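Structural characterization, general
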There are 2 protein chains.
Amino acid sequence: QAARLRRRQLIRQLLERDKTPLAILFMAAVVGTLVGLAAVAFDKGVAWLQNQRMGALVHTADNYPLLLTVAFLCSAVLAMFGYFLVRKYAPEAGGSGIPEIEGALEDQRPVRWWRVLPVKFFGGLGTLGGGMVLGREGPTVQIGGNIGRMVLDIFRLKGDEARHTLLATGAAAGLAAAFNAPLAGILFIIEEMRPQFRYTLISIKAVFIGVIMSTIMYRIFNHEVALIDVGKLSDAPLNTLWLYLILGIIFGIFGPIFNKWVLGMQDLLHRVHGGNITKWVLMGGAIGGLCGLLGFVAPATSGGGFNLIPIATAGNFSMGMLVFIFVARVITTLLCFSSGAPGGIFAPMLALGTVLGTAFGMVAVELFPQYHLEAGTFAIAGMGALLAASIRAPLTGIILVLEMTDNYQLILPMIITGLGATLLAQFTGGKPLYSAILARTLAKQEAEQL
Amino acid sequence: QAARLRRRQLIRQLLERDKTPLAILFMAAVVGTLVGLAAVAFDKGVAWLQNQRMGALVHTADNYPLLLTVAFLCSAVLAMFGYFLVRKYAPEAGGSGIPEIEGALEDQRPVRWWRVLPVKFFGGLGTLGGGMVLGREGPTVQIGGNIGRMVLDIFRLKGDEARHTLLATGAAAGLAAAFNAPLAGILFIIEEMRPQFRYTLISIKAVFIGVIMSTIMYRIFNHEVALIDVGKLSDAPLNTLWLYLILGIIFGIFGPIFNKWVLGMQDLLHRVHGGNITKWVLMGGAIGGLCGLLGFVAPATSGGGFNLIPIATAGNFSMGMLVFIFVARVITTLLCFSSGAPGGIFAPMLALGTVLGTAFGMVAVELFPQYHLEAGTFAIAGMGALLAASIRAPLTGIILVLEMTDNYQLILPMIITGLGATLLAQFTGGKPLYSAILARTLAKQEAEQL
């Protein structure tokens, strides 16, 4: 008897499908333009801070320790400013922000646009211009979601659909304009950040409008220079796909170890300061001054993670340097992100994945010679593999790497590794990172209520 | 006040995420291999039948009307076989198949793998080798869904998640092996074919296994024959994006008119025969014969439409011929899909979109000289536009055209034309075609449920 009414409802629902009102479809363009302006202001600010920190070496270019000490000092105070702002005015700004946007899409974790926008925009600017290794997409995604919550009370719009829709398209535009990827912004909304346990009416056309009205405002400035440039590499033949599957096995068995390391280092770095604000700011300044000293000398194991990647793929880079770069980048990414720093972790995961991919490719080109292999394709194949192993977002983790490279023909070696890094991460016994940070924060929020 | 237990359940849900059983994840590989085998068997059979229908002219290459009438006769009987099959044995194999899989995934529309596979695999072979304007997409997606139901009663696997997951990965691999696109096959499922109103539990990873396990089986049998081969066209600068927006407005004002034309032609060709099986298969023979005739003479306005796109973009063509090609293609697609013949209207939408894109580009290169334009860019921007304006699937309509063309440098004109198509196809008042066909057959089912 239930089949009589569900078809009567399904006919009435299908004859009015994908019909979203013009109020939402126009308010999703102003948030796209605003996030597109704010993201390029963020990028110009971090580029200006990096340029002035690189130009500060010519003041005293004679003494080595007294030359690195002033770089350590400015990278320390530029991170203490951001840490002090985050711990004082809005403690929700810490971490990567994508778990709090995911929480705000499911009615917990209240977003405060009046409070957390001009502490994120001025704290992430400091701790990203200070040479720390953080992906500059996390603050842009949180800034996008909070600009979406800003322009819903500024223009006083009402409804239990608009506060899902504008909150989604802001966090789509923030991921689109931080990577110059106008498709990964949509595919990180419809795959990961949407609530996977409840049906919501997130307007996909409004997400489209916000993504293109932020990608246009990203491409008006800094015209067509990409964040990563590498030419059309060698095509991957059919008989070598099992090597990419083996790389997926390695990445999937590495992923949950990285998640356990991050979730343990968070407890350790919280225990070493005990909740004291001044001790936390001093520890953040010390841990950022490490990030800036390695940005000054031996500059490969620091920075945003986009000055290292295109020279590892199809480039001269020895394995003895490569294993040190991998170990040091694990250490300094674990120090940066797992310390409450305002900053996301996509670009360090992409850098770790492409360094381990270059390592596996340099192993395979000497171990299996009869395929006439190239070591450059394994870096592009394993770029979107640590994302598929630790975020468990293996469709946008492949679409982003296909987007920012313009190297199509290894889409099947990319997608094999993107599957095999999630199969042997589920069967290993891991959890997704951006769904575990939200669970930990929700447990900490609930356990305070006695 | 109700947040004393729902977030406590949300913590338990978020900790246990992406935990798919190994039985589902292993049954999602045998369906991938079987769809990858059946699709390339379908493609090799339709290629062989096209080869015999093309080599039949060598036997009688002296007389024009006696050469044309035997082509008319074989193209008529090759469609009468498919029409007689689809009307005698399984009447649910008509049309496209994606509505009869989307309705099957809503736990309506009962799947019959014992009855729909050996009618589609032998009738959609004949009506596509005969030369009708049908895609090889619908008959592969429906064969995929029926295989996904076949290996669930073969292995007698019981579940409330497996009967949607296998039915989803079959219709994922059916689109992935029809275009050599292992990303459009997933982005058709997680965007369009899933339940858009009810909360479902389609596991993303088990679609993701079967897509690559079908793409490998595709590429292992067809060596290197790409679908569409056009070179790297000139990238659109940011002062001519409004031309792609205007093309999107034209496509959006065309889209619902095309949908209403198809929906009207369905009732017209239903009323012209009145349920008579012999009159219907004679109508199918006439509509196959007067499409194989245009396959022989003036061969642009027939076929799947993939022997036309490299001539349309980056090729010499006249607008006075292109107008006739467009109107004849709309007439023959209207007469071929909307007549119950087993064939998807997906490739005759791609060909129509790139024809209208070339017709916009060859107007704009003359009307706007100072832009230093190139007419082949607008064809690639308009190929992914009729899907966004009539199927209203504007994400897979962009990812698929990015797959089978390999032109990333115009991804922003492509996405602008796609959403400018869906905006003026929503504000005109149209419905998506795959959600209108399902609503019409559900209403026809409710009519006979007295």
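Residues numbered from 1 in each chain as written, not as in the entry; some residues may be left out. Chains lettered and ligands numbered in written order. Heavy atoms only, no water. Residues with missing side-chain atoms left out of burial classes, pairs and counts.

This entry, as listed in the PDB, derives from cryo-EM and reports a resolution of 3.78 Å.

1. Side note on the overall build of chain A
Within chain A, the secondary structure is distributed over 20 helices and zero strands. The C-alpha radius of gyration computed for chain A amounts to 22 Å, which stays within 12% of the reference 22 Å derived for 450 residues, consistent with globular compactness. Seen through its principal axes, chain A has C-alpha atoms that stretch 75 × 60 × 50 Å. A burial count over chain A gives 61% of its 450 residues as buried. Put simply, 84% of the contacts in chain A that link residues at least 6 apart link residues at least 24 apart. For chain A, the exposed area adds up to about 17,000 Å²; of that, 67% sits on carbon and sulfur atoms. If you average the places of the 33 positive and of the 25 negative side-chain charges in chain A, the two averages end up 9 Å apart. (Helix = DSSP H or I, 4+ residues; strand = E, 2+ residues; numbered from the N terminus. Rg over C-alpha atoms; globule rule 2.2 N^0.38 Å. Buried < 20%, exposed > 50% of the residue type's maximum accessible area, 1.4 Å probe, protein only. Contact = heavy atoms within 4.5 Å. Areas by Shrake-Rupley, 256 points an atom, 1.4 Å probe, with all protein chains shown as cover. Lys, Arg positive; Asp, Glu negative; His and termini not counted. Charge placed at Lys NZ, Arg CZ, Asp CG, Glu CD.)

2. A closer look at a nonpolar patch on the surface
Together, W242, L245, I246, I249, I250, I253, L424 and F427 of chain A together with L22 and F26 of chain B make up a nonpolar patch on the protein surface, roughly 870 Å² of accessible area in all. At the level of secondary structure, the elements contributing two or more residues to the nonpolar patch comprise α11 (241-271) of chain A together with α2 (22-59) of chain B. You can see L245 of chain A is positioned in helix α11. (Patch = residues over 30% accessible without salt bridge, like charges linked within 9 Å, V, L, I, M, F, W, Y side chains within 5 Å. Salt bridge = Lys/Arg side-chain N within 4 Å of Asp/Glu carboxyl O.)

3. Overview of the relation of the copies chain A and chain B
The operation relating chain A to chain B is a screw motion whose rotation component is 180 degrees, with 0.0 Å of axial translation and a residual RMSD of 0.4 Å. Both copies are brought into coincidence by an operation consistent with a two-fold rotation axis. Nearest to the rotation axis, the C-alpha of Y199 of chain A is located 2.9 Å from it, this being the minimum over chain A. Here 93% of the contact residues of chain A are again contact residues in chain B; the copies associate through an equivalent surface. (Least-squares fit on C-alpha atoms.)

4. Things to note about the UniProt feature "binding site: chloride" (unreviewed entry) in chain A
All names here are of chain A. Cross-referencing UniProt, the feature "binding site: chloride" (unreviewed entry) maps to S96, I345, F346 and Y434 in the present numbering. Judged by maximum C-alpha separation, these annotated positions cover 339 residues in sequence but sit close together in space, the widest gap being only 11.1 Å. For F346, the position within the fold is in the loop between α14 (319-336) and α15 (347-367). Excluding residues that lie within four positions of it along the chain, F346 makes contacts with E137, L175, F179, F188, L387, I391 and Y434. Relative to the helices and strands, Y434 is located in helix α20 (residues 433-447). Among the residues examined, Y434 registers a relative accessible area of 0% and is labelled buried. Those residues in contact with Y434 that sit more than four places away from it in its chain are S96, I98, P99, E102, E137, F188, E192, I345, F346 and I391. A distance of 3.1 Å separates a polar atom in the side chain of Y434 from the backbone oxygen of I345. (UniProt positions renumbered as here; feature names shortened; annotations may be inferred. Polar contact = N/O pair within 3.5 Å; in protein donor to acceptor, adjacent residues only side chain to side chain.)

5. Observations regarding the interface of chain A and chain B
Taken together, the contacts link 72 residues of chain A with 69 residues of chain B. Across the chain A to chain B interface the summed buried area is about 7,400 Å²; carbon plus sulfur atoms make up 66%. Joining chain A to chain B, the criterion identifies eight salt bridges. A salt bridge links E446 of chain B to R4 of chain A; the shortest N-O distance between them is 3.8 Å. In this assembly, chain A and chain B are joined by 20 residue pairs in polar contact. Taken together, the elements giving at least two residues each to the side of chain A that touches chain B come down to α1 (2-14), α2 (22-55), α8 (184-187), α9 (189-193), α10 (204-220), α18 (396-403), α19 (411-426) and α20 of chain A. (Buried area = accessible area lost by both parts, 1.4 Å probe.)

6. A look at the side chain of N407 of chain B
Looking at the secondary structure, you find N407 of chain B in the loop between α19 (396-403) and α20 (411-426). Each residue touching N407 of chain B, except ones within four places of it in the same chain, is listed here: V230, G231, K232, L233, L402 and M414 of chain B.

7. What about the state of the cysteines?
All chains considered together, the criterion is met by zero disulfides over all chains. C74 of chain A takes part in no disulfide bond, and the closest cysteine sulfur, belonging to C291 of chain A, lies 13 Å away. With no disulfide partner, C291 of chain B has as its closest neighbouring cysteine sulfur the one in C336 of chain B, 3.5 Å distant. The class for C291 of chain B is buried, based on a relative accessible area of 3%. (Disulfide = S-S within 2.5 Å.)

8. Comments concerning the packing of α18 of chain A against α19 of chain A
To characterise two packed helices, one gives the angle between the axes of the helices and the distance between these axes. All names here are of chain A. Between α18 and α19, the shortest axis-to-axis distance is 10 Å and the interhelical angle comes to 150 degrees. Judged by the inter-axis angle, α18 sits roughly antiparallel to α19. In this structure, α18 meets α19 at a crossing whose hand is right-handed. Listed contacts from α19 to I398, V401 and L402 of α18 are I411, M414, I415 and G418. (Axes fitted to C-alpha atoms, helices over the stretch in contact; angles between N-to-C directions. Parallel < 35°, antiparallel > 145°, perpendicular 65-115°, else oblique. Left-handed = near helix turned anticlockwise from the far one by under 90°.)

9. Some points on the packing of aromatic side chains
Two measures describe an aromatic ring pair: the distance that separates the ring centres and the angle between the ring planes. This model, assessed by the stated rule, comprises 30 aromatic pairs over all chains. Consider the rings of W113 of chain B and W114 of chain B, whose centres lie 6.1 Å apart with planes at 85 degrees: the pair is edge-to-face. Take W113 of chain B: its relative accessible area is 22%, and that puts it in the partly exposed class. With a relative accessible area of 46%, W114 of chain B lands in the partly exposed category. Taken together, the ring pairs in this structure connect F179, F188, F306, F346 and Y434 of chain A into an aromatic cluster. One residue, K44 of chain B, lies across the ring of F221 of chain B, its end atom 5.8 Å from the ring centre. (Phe/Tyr/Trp six-rings, centres within 6.5 Å; stacked < 30°, edge-to-face > 60°. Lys NZ or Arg CZ within 6 Å of the ring centre and 35° of its normal.)

10. Notes on the environment of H164 of chain A
Residues and elements named next belong to chain A. Tracing the sequence through the fold places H164 in helix α7 (residues 162-176). Taking the C-alpha atoms as reference, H164 lies 7.5 Å from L201; in sequence the two are 37 residues apart. Leaving out residues up to four positions away in the same chain, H164 has contacts with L105, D107, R198, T200 and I202.

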